[PDB]
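Colleague: Could you have a look at this structure, given as structure tokens, before my questions?
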Amino acid sequence: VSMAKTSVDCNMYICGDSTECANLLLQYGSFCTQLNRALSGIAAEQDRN
Amino acid sequence: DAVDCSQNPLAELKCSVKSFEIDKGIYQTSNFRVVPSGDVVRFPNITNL
């Protein structure tokens, strides 16, 4: 009736302490934000479950 | 009106959710990290001369 409440740091995953990478990530908009909401939503359900 | 998104934790949330009014609850607004201090550089003891 549950699974692990995982979480991912988008910036850490994509850009391993790279400024140039970060600039080249920001150019893609809300990519990280969207992923964060999705993962949060799952964890919320895990609690209800 | 206006919000200075760097003033305080409240400001971050308001800007994050794109609203001047928040209903209630706990929200993740960003990641965080600790900033490194000095430098540590190490080179081999004895070389050929």
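Residues 274-322, in that order, are what chain B shows, numbered as in Swiss-Prot.
A Cβ is built for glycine as well, from the same backbone N, Cα and C atoms used for every other residue.
In case it's useful when we look at the structure, here is the feature table from Swiss-Prot:
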- B:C278-B:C288: disulfide bond (DISULFID)
- B:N318: N-linked glycosylation site (CARBOHYD)
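I'd like to know what surrounds each of these features in this structure.
Modeller: Of all Cβ atoms in the protein chains displayed, 12 besides its own lie within 10 Å of the Cβ of B:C278 (disulfide bond).
In the structure as shown, the Cβ atom of B:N318 (N-linked glycosylation site) sits within 10 Å of 5 other Cβ atoms.
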Colleague: Reported as an integer number of Å, what is the Cα distance between B:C288 (disulfide bond) and B:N318 (N-linked glycosylation site)?
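Modeller: So the alpha carbons of B:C288 (disulfide bond) and B:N318 (N-linked glycosylation site) sit roughly 53 Å from each other.
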Colleague: Including all protein chains shown, what's the count of other C-beta atoms within 10 A of the C-beta of B:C288 (disulfide bond)?
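Modeller: Result for B:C288 (disulfide bond): 16 neighbouring Cβ atoms inside 10 Å.
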Colleague: Sort B:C288 (disulfide bond) into helix, strand or coil using the DSSP assignment.
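Modeller: Once the DSSP labels are grouped into three classes, B:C288 (disulfide bond) ends up as helix.
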